[PDB]
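K.L.:
Here you go, this is structure.txt (compact mmCIF, C-alpha atoms and all ligand atoms).
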# COMPACT_ATOMS: atom_id res chain seq x y z
CA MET A 1 1.95 20.18 2.84
CA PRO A 2 0.61 18.22 -0.17
CA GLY A 3 -1.95 15.52 0.46
CA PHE A 4 -2.13 11.95 -0.66
CA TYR A 5 -4.21 10.05 -3.10
CA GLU A 6 -5.18 6.54 -2.12
CA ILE A 7 -5.30 3.58 -4.37
CA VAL A 8 -6.54 0.30 -2.99
CA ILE A 9 -5.22 -2.74 -4.80
CA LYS A 10 -6.61 -6.18 -4.20
CA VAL A 11 -4.09 -8.97 -4.13
CA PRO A 12 -4.94 -12.50 -5.23
CA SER A 13 -4.65 -15.31 -2.73
CA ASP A 14 -6.37 -18.26 -4.39
CA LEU A 15 -4.95 -19.23 -7.69
CA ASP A 16 -7.96 -20.82 -9.27
CA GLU A 17 -10.51 -18.42 -7.86
CA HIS A 18 -8.62 -15.15 -8.20
CA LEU A 19 -6.41 -15.86 -11.20
CA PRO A 20 -8.08 -18.15 -13.68
CA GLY A 21 -5.89 -18.56 -16.75
CA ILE A 22 -2.66 -17.45 -15.15
CA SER A 23 0.52 -18.87 -16.62
CA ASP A 24 2.68 -21.62 -15.24
CA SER A 25 5.66 -19.31 -15.11
CA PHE A 26 3.77 -16.94 -12.92
CA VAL A 27 3.01 -19.79 -10.59
CA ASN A 28 6.65 -20.81 -10.44
CA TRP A 29 7.73 -17.27 -9.83
CA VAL A 30 5.47 -17.00 -6.80
CA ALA A 31 6.62 -20.32 -5.47
CA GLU A 32 10.31 -19.51 -5.72
CA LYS A 33 10.31 -16.38 -3.66
CA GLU A 34 11.10 -16.35 0.01
CA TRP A 35 11.10 -13.35 2.31
CA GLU A 36 12.72 -12.65 5.61
CA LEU A 37 12.23 -9.97 8.20
CA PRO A 38 14.82 -7.32 8.83
CA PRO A 39 16.90 -7.72 11.98
CA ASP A 40 15.25 -4.79 13.68
CA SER A 41 11.76 -6.19 13.20
CA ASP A 42 9.66 -7.65 16.01
CA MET A 43 7.10 -9.30 13.77
CA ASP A 44 6.23 -12.96 13.58
CA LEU A 45 7.19 -14.35 10.21
CA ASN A 46 4.80 -17.19 10.75
CA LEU A 47 1.82 -14.96 10.42
CA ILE A 48 2.96 -13.65 7.10
CA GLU A 49 1.81 -15.31 3.93
CA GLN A 50 4.64 -15.55 1.49
CA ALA A 51 2.92 -16.13 -1.82
CA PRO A 52 0.56 -13.15 -1.62
CA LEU A 53 3.45 -11.08 -0.39
CA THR A 54 5.43 -11.90 -3.47
CA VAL A 55 2.72 -10.51 -5.70
CA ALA A 56 2.19 -7.46 -3.51
CA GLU A 57 5.86 -6.57 -3.32
CA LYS A 58 6.08 -6.44 -7.05
CA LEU A 59 2.81 -4.61 -7.53
CA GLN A 60 3.77 -1.78 -5.22
CA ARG A 61 7.30 -1.64 -6.58
CA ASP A 62 6.02 -1.38 -10.11
CA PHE A 63 3.19 1.02 -9.35
CA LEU A 64 5.69 3.37 -7.84
CA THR A 65 7.98 3.23 -10.82
CA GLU A 66 5.14 4.14 -13.13
CA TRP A 67 3.88 6.79 -10.76
CA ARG A 68 7.23 8.48 -10.73
CA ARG A 69 7.25 8.57 -14.48
CA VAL A 70 3.78 10.10 -14.98
CA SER A 71 4.06 12.40 -12.01
CA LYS A 72 7.51 13.58 -12.82
CA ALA A 73 8.21 13.43 -9.13
CA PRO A 74 11.16 11.13 -8.60
CA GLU A 75 11.12 11.67 -4.88
CA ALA A 76 7.40 11.37 -4.27
CA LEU A 77 6.58 10.33 -0.78
CA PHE A 78 4.71 7.12 -0.33
CA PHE A 79 3.41 4.79 2.30
CA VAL A 80 2.16 1.34 1.30
CA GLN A 81 0.58 -1.10 3.66
CA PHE A 82 -0.27 -4.64 2.72
CA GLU A 83 -3.08 -6.27 4.68
CA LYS A 84 -5.02 -9.43 4.96
CA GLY A 85 -8.69 -8.66 4.81
CA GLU A 86 -11.82 -10.67 5.49
CA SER A 87 -12.49 -11.08 1.81
CA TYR A 88 -9.22 -10.24 0.09
CA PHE A 89 -5.60 -9.48 0.57
CA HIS A 90 -5.31 -5.84 -0.31
CA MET A 91 -2.92 -2.98 -0.51
CA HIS A 92 -3.36 0.59 0.55
CA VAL A 93 -1.19 2.81 -1.59
CA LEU A 94 -0.73 6.35 -0.45
CA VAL A 95 1.09 8.62 -2.78
CA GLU A 96 1.43 12.36 -2.75
CA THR A 97 -0.54 14.45 -5.19
CA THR A 98 2.41 16.26 -6.68
CA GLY A 99 2.52 16.25 -10.42
CA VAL A 100 -0.87 14.73 -10.92
CA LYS A 101 -3.84 16.99 -11.15
CA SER A 102 -7.08 15.47 -10.08
CA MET A 103 -8.64 16.08 -13.47
CA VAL A 104 -6.12 13.74 -15.07
CA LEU A 105 -5.67 11.12 -12.37
CA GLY A 106 -8.11 8.64 -13.84
CA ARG A 107 -6.26 8.53 -17.11
CA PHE A 108 -2.91 8.09 -15.44
CA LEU A 109 -4.18 5.40 -13.09
CA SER A 110 -5.62 3.62 -16.00
CA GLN A 111 -2.26 3.63 -17.79
CA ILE A 112 -0.58 2.34 -14.69
CA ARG A 113 -3.08 -0.43 -14.32
CA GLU A 114 -2.33 -1.70 -17.80
CA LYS A 115 1.35 -1.77 -16.99
CA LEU A 116 0.77 -3.85 -13.90
CA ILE A 117 -1.26 -6.30 -15.89
CA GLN A 118 1.54 -6.69 -18.39
CA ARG A 119 4.38 -6.93 -15.92
CA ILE A 120 2.99 -8.69 -12.89
CA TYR A 121 0.24 -10.82 -14.38
CA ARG A 122 1.90 -11.38 -17.72
CA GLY A 123 -1.10 -10.17 -19.62
CA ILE A 124 -3.79 -12.02 -17.68
CA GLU A 125 -6.06 -9.77 -15.70
CA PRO A 126 -6.98 -10.87 -12.21
CA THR A 127 -10.50 -11.88 -11.56
CA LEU A 128 -10.98 -9.60 -8.59
CA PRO A 129 -14.02 -7.38 -8.65
CA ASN A 130 -12.89 -3.82 -8.35
CA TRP A 131 -9.26 -4.63 -8.03
CA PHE A 132 -7.50 -1.34 -8.70
CA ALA A 133 -9.42 1.55 -7.21
CA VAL A 134 -8.82 5.16 -6.31
CA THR A 135 -10.61 6.30 -3.18
CA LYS A 136 -13.32 8.76 -4.05
CA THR A 137 -15.40 11.20 -2.08
CA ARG A 138 -18.71 9.54 -2.82
CA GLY A 143 -17.45 12.34 -6.20
CA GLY A 144 -14.00 13.52 -7.12
CA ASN A 145 -10.77 11.98 -6.03
CA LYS A 146 -10.06 12.01 -2.31
CA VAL A 147 -6.99 13.68 -0.97
CA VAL A 148 -5.93 12.98 2.57
CA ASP A 149 -3.21 14.36 4.80
CA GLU A 150 -0.41 12.55 6.51
CA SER A 151 -2.56 11.97 9.57
CA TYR A 152 -4.32 9.20 7.75
CA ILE A 153 -1.35 6.98 8.40
CA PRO A 154 -1.21 7.13 12.21
CA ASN A 155 -5.00 7.10 12.34
CA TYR A 156 -5.77 4.19 10.02
CA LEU A 157 -2.71 2.25 9.03
CA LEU A 158 -0.23 2.22 11.91
CA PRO A 159 -2.66 0.71 14.42
CA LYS A 160 -2.90 -2.57 12.51
CA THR A 161 -1.51 -5.75 14.03
CA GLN A 162 -0.80 -9.22 12.80
CA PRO A 163 -2.21 -11.09 11.19
CA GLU A 164 -4.17 -8.32 9.51
CA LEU A 165 -0.92 -6.48 8.95
CA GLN A 166 1.26 -8.35 6.52
CA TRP A 167 3.92 -5.90 5.38
CA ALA A 168 4.61 -2.25 4.71
CA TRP A 169 6.95 -0.06 2.71
CA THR A 170 7.85 3.61 2.87
CA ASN A 171 10.27 6.32 1.91
CA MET A 172 9.02 8.66 4.61
CA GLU A 173 11.72 9.03 7.25
CA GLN A 174 9.49 9.26 10.26
CA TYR A 175 7.94 5.91 9.41
CA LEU A 176 10.88 3.87 8.22
CA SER A 177 11.30 1.86 11.38
CA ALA A 178 7.57 1.71 11.95
CA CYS A 179 6.93 -0.33 8.90
CA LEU A 180 7.91 -3.69 10.29
CA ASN A 181 8.11 -2.91 14.00
CA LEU A 182 4.97 -3.20 16.09
CA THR A 183 6.50 -1.52 19.12
CA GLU A 184 7.42 1.46 17.01
CA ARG A 185 3.96 1.71 15.46
CA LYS A 186 2.49 1.70 18.89
CA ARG A 187 4.77 4.50 19.97
CA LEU A 188 3.94 6.63 16.95
CA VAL A 189 0.24 6.27 17.39
CA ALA A 190 0.48 7.31 20.98
CA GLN A 191 2.68 10.18 20.02
CA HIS A 192 0.28 11.45 17.36
CA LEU A 193 -2.76 11.25 19.59
CA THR A 194 -0.80 13.00 22.27
CA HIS A 195 -0.17 15.85 19.91
CA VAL A 196 -3.83 15.98 19.03
CA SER A 197 -4.81 16.08 22.66
CA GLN A 198 -2.32 18.72 23.53
CA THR A 199 -3.66 20.81 20.70
CA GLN A 200 -7.25 20.54 21.85
CA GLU A 201 -6.09 21.30 25.35
CA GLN A 202 -4.55 24.46 24.13
CA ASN A 203 -7.69 25.32 22.28
CA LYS A 204 -9.88 25.05 25.32
CA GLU A 205 -7.35 27.08 27.16
CA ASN A 206 -6.86 30.54 25.73
MG MG B 301 -7.88 -2.41 5.20
Here is a file; write its structure as structure tokens.
Ligand SMILES: [Mg+2]

P.N.:
Amino acid sequence: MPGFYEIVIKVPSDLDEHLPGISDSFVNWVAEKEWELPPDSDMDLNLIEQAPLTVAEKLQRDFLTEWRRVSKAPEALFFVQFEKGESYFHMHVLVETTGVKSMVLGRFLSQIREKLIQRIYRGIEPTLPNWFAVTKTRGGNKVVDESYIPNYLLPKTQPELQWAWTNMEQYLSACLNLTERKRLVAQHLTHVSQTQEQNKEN
């Protein structure tokens, strides 16, 4: 029943351009990490860029830890999709509204952003233009329902799709399985159609 806020987080992909002044240890940390697909995945690992993924995995993991603390919702539902855009790697973070009133969201997000800078970037802010941004109505903070996910996130394919994470049960297999995403999209649109059909009838 509750909606979701959306935070878009840009992820650096060019060290000198995106992250001027970053530490050597940060560079080594990125280099060291390797990721593998789960056995049930049908994705092509070749199309997935490991270094940006390392940064993204931590950013989402840390954002969520902070969110749980400010929200006081330990079990908050989330869906995060990491994507390769035309200009930037970026992350769509959808998190439920519970525990955070809209009036105070800017202050909380701001606190979270500082924590990410400390933890991920080791005190050096990324040189990305509007890097941590809540989706707004023009206006106030946008809230969207669960339908946003089948409509705008699930349809993505490689290489635009890089990775995804969730705690929402209906999407757990969808995250890294293209065949499953495809099925879910079709299923959602089917429901929508059936609903309109009913409406015309009656
Ligand atoms: Mg996008």

K.L.:
Go through A:52, A:85, A:96, A:121 and flag the residue nearest residue 26 in chain A, using all atoms listed in the file for the distances.

P.N.:
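Smallest separation from residue 26 in chain A among the options: A:121.
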
K.L.:
Report, in Å to a single decimal, how far apart CA of residue 66 in chain A and CA of residue 135 in chain A are.

P.N.:
18.8 Å

K.L.:
Could I get the residue neighbourhood of ligand MG 301 (chain B) at 8 Å, counting all atoms listed in the file, as a PDB file with C-alpha atoms, in the coordinates of the input?

P.N.:
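Saved file pocket.pdb follows:
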ATOM      1  CA  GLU A  83      -3.080  -6.270   4.680  1.00  0.00           C
ATOM      2  CA  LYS A  84      -5.020  -9.430   4.960  1.00  0.00           C
ATOM      3  CA  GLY A  85      -8.690  -8.660   4.810  1.00  0.00           C
ATOM      4  CA  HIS A  90      -5.310  -5.840  -0.310  1.00  0.00           C
ATOM      5  CA  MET A  91      -2.920  -2.980  -0.510  1.00  0.00           C
ATOM      6  CA  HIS A  92      -3.360   0.590   0.550  1.00  0.00           C
ATOM      7  CA  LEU A 157      -2.710   2.250   9.030  1.00  0.00           C
TER       8      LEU A 157
END

K.L.:
Extract, using all atoms listed in the file, all DNA, RNA and protein residues at most 10 Å from range 192-200 of chain A, discarding same-chain residues fewer than 6 positions from it, and format them as a list in words.

P.N.:
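Contacts, with the query itself left out: residues 151, 154 and 155 of chain A.
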
K.L.:
Show me, as a list in words, the residues that have an atom within 8 Å of residue 161 in chain A when counting only C-alpha atoms, minus same-chain residues fewer than 3 positions from it.

P.N.:
residues 164, 165 and 182 of chain A
